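[1] Need coordinates for the following:
(chains A, B, C, D, E, F, G, H and I, ligands or ions: 112)
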Amino acid sequence: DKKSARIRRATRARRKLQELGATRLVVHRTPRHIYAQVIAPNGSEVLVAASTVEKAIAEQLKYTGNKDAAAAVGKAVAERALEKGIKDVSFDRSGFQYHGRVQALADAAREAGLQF
Amino acid sequence: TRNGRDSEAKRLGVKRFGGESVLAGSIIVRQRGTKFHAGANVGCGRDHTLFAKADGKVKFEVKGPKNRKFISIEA
Amino acid sequence: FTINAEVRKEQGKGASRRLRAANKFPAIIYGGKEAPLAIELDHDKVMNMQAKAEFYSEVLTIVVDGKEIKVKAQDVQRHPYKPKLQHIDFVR
Amino acid sequence: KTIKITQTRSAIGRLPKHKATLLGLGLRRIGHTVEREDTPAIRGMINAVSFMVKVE
Amino acid sequence: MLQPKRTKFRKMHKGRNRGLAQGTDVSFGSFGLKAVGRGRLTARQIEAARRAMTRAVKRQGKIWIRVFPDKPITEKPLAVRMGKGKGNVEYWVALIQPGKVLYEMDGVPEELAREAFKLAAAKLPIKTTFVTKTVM
RNA sequence: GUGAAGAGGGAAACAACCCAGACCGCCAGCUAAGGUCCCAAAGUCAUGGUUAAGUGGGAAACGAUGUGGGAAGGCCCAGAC
RNA sequence: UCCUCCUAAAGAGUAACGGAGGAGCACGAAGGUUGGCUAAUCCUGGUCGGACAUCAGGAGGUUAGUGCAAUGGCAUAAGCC
RNA sequence: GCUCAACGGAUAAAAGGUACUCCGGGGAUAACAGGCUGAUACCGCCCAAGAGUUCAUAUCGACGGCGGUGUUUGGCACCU
RNA sequence: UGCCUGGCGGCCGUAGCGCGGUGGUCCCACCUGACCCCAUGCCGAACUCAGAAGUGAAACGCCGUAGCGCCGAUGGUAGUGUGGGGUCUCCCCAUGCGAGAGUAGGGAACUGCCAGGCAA
Ligand SMILES: [K+]
Ligand SMILES: [Mg+2]
Ligand SMILES: [Mg+2]
Ligand SMILES: [Mg+2]
Ligand SMILES: [Mg+2]
Ligand SMILES: [Mg+2]
Ligand SMILES: [Mg+2]
Ligand SMILES: [Mg+2]
Ligand SMILES: [Mg+2]
Ligand SMILES: [Mg+2]
Ligand SMILES: [Mg+2]
Ligand SMILES: [Mg+2]
Ligand SMILES: [Mg+2]
Ligand SMILES: [Mg+2]
Ligand SMILES: [Mg+2]
Ligand SMILES: [Mg+2]
Ligand SMILES: [Mg+2]
Ligand SMILES: [Mg+2]
Ligand SMILES: [Mg+2]
Ligand SMILES: [Mg+2]
Ligand SMILES: [Mg+2]
Ligand SMILES: [Mg+2]
Ligand SMILES: [Mg+2]
Ligand SMILES: [Mg+2]
Ligand SMILES: [Mg+2]
Ligand SMILES: [Mg+2]
Ligand SMILES: [Mg+2]
Ligand SMILES: [Mg+2]
Ligand SMILES: [Mg+2]
Ligand SMILES: [Mg+2]
Ligand SMILES: [Mg+2]
Ligand SMILES: [Mg+2]
Ligand SMILES: [Mg+2]
Ligand SMILES: [Mg+2]
Ligand SMILES: [Mg+2]
Ligand SMILES: [Mg+2]
Ligand SMILES: [Mg+2]
Ligand SMILES: [Mg+2]
Ligand SMILES: [Mg+2]
Ligand SMILES: [Mg+2]
Ligand SMILES: [Mg+2]
Ligand SMILES: [Mg+2]
Ligand SMILES: [Mg+2]
Ligand SMILES: [Mg+2]
Ligand SMILES: [Mg+2]
Ligand SMILES: [Mg+2]
Ligand SMILES: [Mg+2]
Ligand SMILES: [Mg+2]
Ligand SMILES: [Mg+2]
Ligand SMILES: [Mg+2]
Ligand SMILES: [Mg+2]
Ligand SMILES: [Mg+2]
Ligand SMILES: [Mg+2]
Ligand SMILES: [Mg+2]
Ligand SMILES: [Mg+2]
Ligand SMILES: [Mg+2]
Ligand SMILES: [Mg+2]
Ligand SMILES: [Mg+2]
Ligand SMILES: [Mg+2]
Ligand SMILES: [Mg+2]
Ligand SMILES: [Mg+2]
Ligand SMILES: [Mg+2]
Ligand SMILES: [Mg+2]
Ligand SMILES: [Mg+2]
Ligand SMILES: [Mg+2]
Ligand SMILES: [Mg+2]
Ligand SMILES: [Mg+2]
Ligand SMILES: [Mg+2]
Ligand SMILES: [Mg+2]
Ligand SMILES: [Mg+2]
Ligand SMILES: [Mg+2]
Ligand SMILES: [Mg+2]
Ligand SMILES: [Mg+2]
Ligand SMILES: [Mg+2]
Ligand SMILES: [Mg+2]
Ligand SMILES: [Mg+2]
Ligand SMILES: [Mg+2]
Ligand SMILES: [Mg+2]
Ligand SMILES: [Mg+2]
Ligand SMILES: [Mg+2]
Ligand SMILES: [Mg+2]
Ligand SMILES: [Mg+2]
Ligand SMILES: [Mg+2]
Ligand SMILES: [Mg+2]
Ligand SMILES: [Mg+2]
Ligand SMILES: [Mg+2]
Ligand SMILES: [Mg+2]
Ligand SMILES: [Mg+2]
Ligand SMILES: [Mg+2]
Ligand SMILES: [Mg+2]
Ligand SMILES: [Mg+2]
Ligand SMILES: [Mg+2]
Ligand SMILES: [Mg+2]
Ligand SMILES: [Mg+2]
Ligand SMILES: [Mg+2]
Ligand SMILES: [Mg+2]
Ligand SMILES: [Mg+2]
Ligand SMILES: [Mg+2]
Ligand SMILES: [Mg+2]
Ligand SMILES: [Mg+2]
Ligand SMILES: [Mg+2]
Ligand SMILES: [Mg+2]
Ligand SMILES: [Mg+2]
Ligand SMILES: [Mg+2]
Ligand SMILES: [Mg+2]
Ligand SMILES: [Mg+2]
Ligand SMILES: [Mg+2]
Ligand SMILES: [Mg+2]
Ligand SMILES: [Mg+2]
Ligand SMILES: [Mg+2]
Ligand SMILES: [Mg+2]
Ligand SMILES: [Mg+2]
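    Numbering: from 1, shown residues only, chains lettered A, B, ... in the order given. Ligands and ions are numbered 1, 2, ... in the order given. Structure data below:
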């Protein structure tokens, strides 16, 4: 199984991050689509969430699953996050190597204004 | 005889118990491995010593997938 | 295969030994949706009853407060060395 | 409602807990009729040293 | 003479032989020799009582030995003072609480199974009794 | 826990056991542990049993139709031993 | 002298010429930290290749590993690159 | 910069003999005997695989068991 | 509102296995290509990137079935604090605490918060 190997590869970050009690930006990548959501320090309730699965963002782009699409979500999440009052967060890469789409998402989240 | 040696005793155990008020820095458990684990506002030093990181009352819990004992503090 | 038996009121170590040193011994009846029933009964009867192989197979009707309850012996505790019973579990 | 307690044995070859419990009841010597306010606690103390006290 | 083939530790503490036994029911064979008394059976006693049964019932029948020693007993040599180490393991014993079935027989008559167990019981230190495999 | 450093009463005599902690006096009373036929204070008390061994008043494996108290089995006036 | 286990009577501590074992160092990476990994023993199949090198699969689920004894620990791995 | 490892390290630096012995002490501690214990010892007994011309118990008894004595070799260190 | 599936927590086995059936419009997974970003101590199996031809085969979900695992009374039993008694290397009364194992059975989990599609 791959999934299980990705979960336990992520777990160390998650468990270290919930101990600090910080608001984490989870980013679940997929062959088709890229997701992102800001979750409260308790871990249960979600404050902000955005993805290429949302038609509001899907209608605009060429294809839902690439660097330019990840930047569009990375902009979107951070654009909502500032309206809610969120600013200082952390970035949970969620078992995905910080390199391509998630790096584009993070860089777009930084460049949008979300200071982390 | 052939044997008759022994080490000095290490005074390991739960120093502060559940429900006990402790000050920031107070050692809660001296022990070898992580028989107890660090929860909320509790540290875990090089000796695996669990110590209070904030002033409050000690709380023992049994939580996790593998069902381990955690020590937390709540103010 | 019909035995009269009384309902227990005191139950524990202290009561059961007082009872067991008075030619009687504790048993219990349980089964179905109904609650369990703790049942004091005489030793010298049930000791002679168990010699037959039918006792640990066939249905017994235990008489309690008038009412005859149908049961089978599910489990039984022998005394360690002396030839005598300590306790019987009657499934309904 | 008060309960009259009486010490009916010596407190000589007794455990420190039992020597304490009689000090907690206020019993000093054998044949000392002390009356105390009936609570769950005092009945616990009387229960602890029941062998050497008598209740009225 | 029965003895454990290899052990973790050579010498064991004395301990205390308290409580009731656990192998009370006659499990394998038809009949059995139950220990009424309390004590400890040496390796020699077991073999001695086994030989007395085996030879009474002849080639016919089958015997079980429910007890096994696995407890080494030390003993200090003659004219040796106290201390200067724990003594040397001489013999091996099985601790026997009341209720313990020691031996069990099978494939013999009831009248001739008893006569065999008397001869065994004569070898043992502990007070014993005859027991039959009942149901439940 | 006691003695040590605690006297008194009992355990025949007996620091360490049981009872109980002596401030002094009294030819008063109630008790504890032990007891209550005589030595020796107090029941030759009452009641219902059990022991024939001086058991009680030293000792085990085993050995015995000693002798109570139960609970079952045998199997018979076609008279069972 | 020092460390580990029991003795040690479920806090700590606890003796004997009690029962069993170790230490008097190692390491510039065997430390730090970021990124990845996941183990023994099998059973199969496979050039020499055997009871056992390497490869491929399965079954296993930490039965391993941890610089050194033992105990407590380690999968978020403190194990392995 | 110390196996000051007798590891809270007496000195920087130290082994023996004494039946030629001596003083202070000790029944805090041995040898003698007493005591407690009874492993051992000795003395009994229980079970009966075996002897017997066969036929356990005339007579002895394997394997095992249980006592008694204080009684040897002891243990302990309570008296001196 | 329900039906779905993702993400993320609570709960940690009544929550896990084996077993049988199923899902593919989306969703998800395998998948398709590797000039590139980046990757193997060899290998696009991983990790990564670009995509949408197929598929639901395996995975993952999901519903079923007690073959296992697990949960688990009541009564008893064992221990045992206190105080007493024995025939005292063991036990027994009085009084409180009371297992473990094993039965009768329960059991194919239960829910939070967003987020998308589908009968309303
Ligand atoms: K001490
Ligand atoms: Mg890591
Ligand atoms: Mg949409
Ligand atoms: Mg020592
Ligand atoms: Mg130690
Ligand atoms: Mg020590
Ligand atoms: Mg020291
Ligand atoms: Mg540190
Ligand atoms: Mg007094
Ligand atoms: Mg006393
Ligand atoms: Mg006074
Ligand atoms: Mg006075
Ligand atoms: Mg012990
Ligand atoms: Mg046992
Ligand atoms: Mg059992
Ligand atoms: Mg020596
Ligand atoms: Mg005294
Ligand atoms: Mg003095
Ligand atoms: Mg006195
Ligand atoms: Mg006196
Ligand atoms: Mg006397
Ligand atoms: Mg007298
Ligand atoms: Mg006197
Ligand atoms: Mg005295
Ligand atoms: Mg007394
Ligand atoms: Mg006084
Ligand atoms: Mg006075
Ligand atoms: Mg009077
Ligand atoms: Mg009176
Ligand atoms: Mg009395
Ligand atoms: Mg009296
Ligand atoms: Mg008189
Ligand atoms: Mg008189
Ligand atoms: Mg008269
Ligand atoms: Mg008269
Ligand atoms: Mg009279
Ligand atoms: Mg009379
Ligand atoms: Mg009479
Ligand atoms: Mg008479
Ligand atoms: Mg006499
Ligand atoms: Mg006598
Ligand atoms: Mg006879
Ligand atoms: Mg007669
Ligand atoms: Mg008579
Ligand atoms: Mg009777
Ligand atoms: Mg301990
Ligand atoms: Mg301890
Ligand atoms: Mg303790
Ligand atoms: Mg000491
Ligand atoms: Mg050494
Ligand atoms: Mg070094
Ligand atoms: Mg390196
Ligand atoms: Mg590190
Ligand atoms: Mg498999
Ligand atoms: Mg290991
Ligand atoms: Mg090891
Ligand atoms: Mg490391
Ligand atoms: Mg590691
Ligand atoms: Mg110098
Ligand atoms: Mg030296
Ligand atoms: Mg020194
Ligand atoms: Mg020193
Ligand atoms: Mg020191
Ligand atoms: Mg010195
Ligand atoms: Mg010096
Ligand atoms: Mg020098
Ligand atoms: Mg000399
Ligand atoms: Mg000389
Ligand atoms: Mg001279
Ligand atoms: Mg001199
Ligand atoms: Mg002199
Ligand atoms: Mg002396
Ligand atoms: Mg000395
Ligand atoms: Mg001599
Ligand atoms: Mg002497
Ligand atoms: Mg004597
Ligand atoms: Mg003797
Ligand atoms: Mg012999
Ligand atoms: Mg013997
Ligand atoms: Mg002699
Ligand atoms: Mg002698
Ligand atoms: Mg000495
Ligand atoms: Mg001494
Ligand atoms: Mg003298
Ligand atoms: Mg599931
Ligand atoms: Mg399936
Ligand atoms: Mg299948
Ligand atoms: Mg299909
Ligand atoms: Mg199918
Ligand atoms: Mg679509
Ligand atoms: Mg491919
Ligand atoms: Mg791929
Ligand atoms: Mg499928
Ligand atoms: Mg298939
Ligand atoms: Mg459902
Ligand atoms: Mg069902
Ligand atoms: Mg079924
Ligand atoms: Mg069913
Ligand atoms: Mg209930
Ligand atoms: Mg007591
Ligand atoms: Mg007691
Ligand atoms: Mg009493
Ligand atoms: Mg008495
Ligand atoms: Mg006595
Ligand atoms: Mg219960
Ligand atoms: Mg239970
Ligand atoms: Mg259970
Ligand atoms: Mg069942
Ligand atoms: Mg069922
Ligand atoms: Mg479900
Ligand atoms: Mg539901
Ligand atoms: Mg809601």
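
[2] you'd agree residue B:51 is in a helix?
    No: Residue B:51 is assigned strand when assessed by DSSP: H, G, I helix; E, B strand; the rest coil, not a helix.

[3] give the contact list for the residue lying closest to residue B:34 once chain neighbours are set aside.
    Nearest residue to residue B:34 in three dimensions, chain neighbours excluded: residue B:48, at 5.6 Å (CB to CB, 6 or more residues apart in numbering or on different chains). Using the backbone N, CA and C atoms, a C-beta is placed for each residue, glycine as well. Contacts for residue B:48 (CB atoms under 8 Å, 6 or more residues apart in numbering or on different chains) come out as B:31, B:32, B:33, B:34.

[4] got the contact list for the last one?
    Contacts of residue B:34 were listed using CB under 8 Å, 6+ apart, and they are B:44, B:48, B:68.

[5] What are the boundaries of the helices in the chain?
    You didn't pick a chain, so chain A it is. Shown for chain A, the helices assigned by DSSP state H span residues A:3-20, A:55-58, A:67-84, A:101-112.

[6] meant chain C actually
    Under DSSP H, chain C gives helices at C:13-20, C:43-49.

[7] could I get those helices as a markdown table with distance to chain E and mean neighbour count?
    Output for the helices of chain C, formatted as a markdown table (distance: least, CB to the nearest CB, whole Å; neighbours: other CB atoms under 10 Å in any protein chain shown):
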| stretch | distance to chain E | mean neighbour count |
| --- | --- | --- |
| helix C:13-20 | 14 | 13 |
| helix C:43-49 | 12 | 14 |
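
[8] Return the residues of chain E in contact with chain B.
    Chain E has residues E:84, E:85 near chain B, with proximity defined as CB under 8 Å from any CB of the partner chain.

[9] which is the next helix or strand following the top strand by length along chain E?
    For chain E, the longest strand by residue count, based on DSSP state E, is strand E:88-96. Counting by DSSP states H and E, the next helix or strand C-terminal to strand E:88-96 is strand E:101-106.

[10] Relative to RNA strand G, which residue of chain C is the closest?
    Nearest residue of chain C to RNA strand G: residue C:13, at 18.1 Å (CB to the nearest atom of the strand).

[11] What is the burial count for the residue of chain D at minimum distance from RNA strand G?
    Closest residue of chain D to RNA strand G, CB to the nearest atom of the strand: residue D:16 (14.0 Å). For residue D:16, the count of nearby residues is 7 (other CB atoms under 10 Å in any protein chain shown).

[12] List the contacts of it.
    Residue D:16 neighbours (CB under 8 Å, 6+ apart): none.

[13] Can you read off the backbone torsions of it?
    Per-residue torsions, residue D:16: phi -50, psi -40 (degrees, to the nearest 10).

[14] got the residue ranges for the helices in chain E?
    E:43-56, E:110-123.

[15] Reformat these as JSON lines; add distance to residue E:33 and mean neighbour count.
    Shown next, in JSON lines, are the helices of chain E (distance: least, CB to CB, whole Å; neighbours: other CB atoms under 10 Å in any protein chain shown):
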{"stretch": "helix E:43-56", "distance to residue E:33": "8", "mean neighbour count": "17"}
{"stretch": "helix E:110-123", "distance to residue E:33": "5", "mean neighbour count": "16"}
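
[16] what would these look like in a markdown table with distance to residue E:77?
    Listed next are the helices of chain E as a markdown table, based on distance: least, CB to CB, whole Å:
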| stretch | distance to residue E:77 |
| --- | --- |
| helix E:43-56 | 20 |
| helix E:110-123 | 27 |
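
[17] what sits opposite residue C:37 in the beta ladder?
    Beta-bridge pairing of residue C:37 under DSSP bridges involves residue C:29.

[18] give me the number of residues near it?
    Counted by other CB under 10 Å, the residues lying close to residue C:37 total 20.

[19] For it, give its distance to residue A:105.
    Using CB to CB, to the nearest Å, we find residue C:37 at a distance of 68 Å from residue A:105.

[20] and what of residue B:49?
    Remark: distance between residue B:49 and residue A:105 (CB to CB) = 40 Å.

[21] what does residue D:41 give?
    From residue D:41 to residue A:105 the distance is 66 Å (CB to CB).

[22] quick one: which of the two has more around it?
    residue A:105 (31 against 11).

[23] residue contacts, residue E:43?
    Contacts of residue E:43 (CB under 8 Å, 6+ apart): E:1, E:2, E:3, E:69, E:91, E:92, E:93.

[24] And residue A:82, by the same measure?
    Residue A:82 neighbours (CB under 8 Å, 6+ apart): A:112, A:113, A:114.

[25] among the residues you listed, who's most crowded?
    With neighbours taken as other CB under 10 Å, the top of the contacts of residue A:82 is residue A:114, carrying 25 neighbours.

[26] so what's the residue in chain E that RNA strand F sits nearest to closest to, chain neighbours aside?
    Closest contact between chain E and RNA strand F, by CB to the nearest atom of the strand, is at residue E:127 (4.5 Å). Residue nearest to residue E:127 in three dimensions, not counting chain neighbours: residue E:37, with 3.8 Å by CB to CB, 6+ apart.

[27] State the distance from residue A:53 to RNA strand G.
    Using CB to the nearest atom of the strand, to the nearest Å, we find residue A:53 at a distance of 24 Å from RNA strand G.

[28] circling back: could the helices of chain A be laid out in CSV, adding distance to residue E:28?
    Shown next, in CSV, are the helices of chain A (distance: least, CB to CB, whole Å):
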stretch, distance to residue E:28
helix A:3-20, 48
helix A:55-58, 75
helix A:67-84, 72
helix A:101-112, 67
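
[29] Adding distance to RNA strand F, write the ones you listed out as JSON lines.
    Converted to JSON lines, those look like this (distance: least, CB to the nearest atom of the strand, whole Å):
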{"stretch": "helix A:3-20", "distance to RNA strand F": "50"}
{"stretch": "helix A:55-58", "distance to RNA strand F": "81"}
{"stretch": "helix A:67-84", "distance to RNA strand F": "69"}
{"stretch": "helix A:101-112", "distance to RNA strand F": "72"}
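
[30] what bridges to residue E:73?
    Beta-bridge partners, per DSSP bridges, of residue E:73: residue E:91.

[31] how close does it sit to residue E:5?
    18 Å.

[32] who has more neighbours, the two?
    Legend: neighbour count by other CB under 10 Å for residue E:73 and residue E:5, higher for residue E:73 (17 against 4).

[33] just checking, that one touches residue E:92?
    Yes: in this structure, residue E:73 is within contact of residue E:92 by CB atoms under 8 Å, at 6.7 Å.

[34] where do the contact lists of those two overlap?
    By CB under 8 Å, 6+ apart, the residues touching both residue E:73 and residue E:92 are residue E:42.

[35] Report the contact partners of residue 17.
    Let's take chain A. A:24, A:90, A:92.

[36] that's the other chain; I wanted chain B
    When contacts are counted by CB under 8 Å, 6+ apart, residue B:17 is found next to residue B:58.
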